[PDB]
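Only one chain is given next, in structure tokens, and it is the form deposited in one PDB entry.
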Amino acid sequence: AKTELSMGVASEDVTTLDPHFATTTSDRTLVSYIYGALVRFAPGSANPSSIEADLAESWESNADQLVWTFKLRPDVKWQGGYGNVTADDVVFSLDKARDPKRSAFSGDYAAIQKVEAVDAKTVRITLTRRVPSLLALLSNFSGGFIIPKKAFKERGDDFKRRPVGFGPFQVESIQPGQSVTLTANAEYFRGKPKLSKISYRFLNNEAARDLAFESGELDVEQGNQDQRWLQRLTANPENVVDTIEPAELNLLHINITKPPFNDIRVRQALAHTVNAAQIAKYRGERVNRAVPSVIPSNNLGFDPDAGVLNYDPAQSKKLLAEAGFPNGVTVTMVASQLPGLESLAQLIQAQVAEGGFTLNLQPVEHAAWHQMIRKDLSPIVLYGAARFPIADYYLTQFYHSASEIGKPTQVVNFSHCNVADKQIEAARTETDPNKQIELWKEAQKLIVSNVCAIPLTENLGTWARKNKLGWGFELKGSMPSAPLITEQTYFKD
């Protein structure tokens, strides 16, 4: 049939298409269409078990698994005429990914010692110690994507809006705040895409997005976490709703160094007046689930019994009075305008009033909000995300003190947590599998009991499409929790 795909997303604009910085779901989704990596998750899977060849046609490790040699596919071409992808591009990209001055994801690569071009088609990666999940680090997510040395060196600060990858689609143009026009990479190494163009539309307003989808302007539209939207879409036999793994866990990360939240009783009071099970029941159990820990349930090392504080708003009021707040606590939070996070913050705002908290929400456009929270501008941060499914990733990034906002090594530790550093570090390199699991669980119990963060629900990604669109594979998951459009995506007659 037709070869042009139109999709409506919950975003206001592009922030960065440099894969070493792209963090919002929208920027990560675009990056997943433009770039590739040495290896990749199988299309339609978010599980590292599925990892398969991408730019690297084969690889091997030495006996001690400290030296890995990747053999590159010969004639993989960059978009825009930058020529053949070489080992020098891989060295440049991985060294950039592992540099805290040029990447938002450098901490994931701390165990890489060196990356060397043995020849134009051979890359040698030497590790400081064994890294069981190395292939996930080298895959098509976060810092694994490969970029062109020549394009980045020249474009510099403009590369983020004029990206160049070897993926199936290229950015032809950006219409700021309206859309991104992507076109098929005619030289894509797996074959020319069946789609000729993608019109990626910024439709943050849910009512306008739904109207564009029902009027036939969109072939795909991002949904939300509400079962009511899910039921209204599934009612039309022409629509298909995809619920996409991994589930992103939402937490209230509390800055434990800032009064009044430096008193554990105040944090405990907040935790006793949130009700994640009620949010999950309201939003719907197919897409949403309350999580009994501070990392997503789909993690090796997840603790189903971390000790999450129960709902008891009478106890919240008692604790606030003991802490010197007989008339309650008021707090202003900088809150994202991404509709799912905005509606979640509004649900929490209503819940916490029962226990004596009056939450004032200062709304900020999503990408601007991401910048503000990373400047330590909010006392509490409602953040929702998933990472590779090994506890070390979520724990290190959100809760290890090295990740604390304000440090050169900062990641997403908005709570300024430091209570679990020794357990996180010991678990990371523990070779006894059961002991490693127990150290990850001990870290979760400490973070929960000190109330550095309060878990809410985790939600699968929700997207609607017309049944005339075929992905070319089963869309079970995608690391950004969004559809993956590839050279296989097609329309039916």
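Under this definition, the rigid core comprises the largest set of C-alpha atoms superposing within 1.5 Å between the forms. Residue numbers run from 1 along the displayed sequence.
Another form, the form deposited in another entry, is not on view; read the next lines as being about it.
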**Q.** Core-superposed comparison between this form and the one not shown - Cα displaced by 2 angstroms or more, from 80, 132, 379, 307
**A.** 132
**Q.** residue 50 C-alpha shift between this form and the one not shown of 2 Å or more, rigid core reference
**A.** no
Q) After the core is matched up, is the C-alpha of residue 449 off by 2 Å or more between this form and the one not shown? A) no
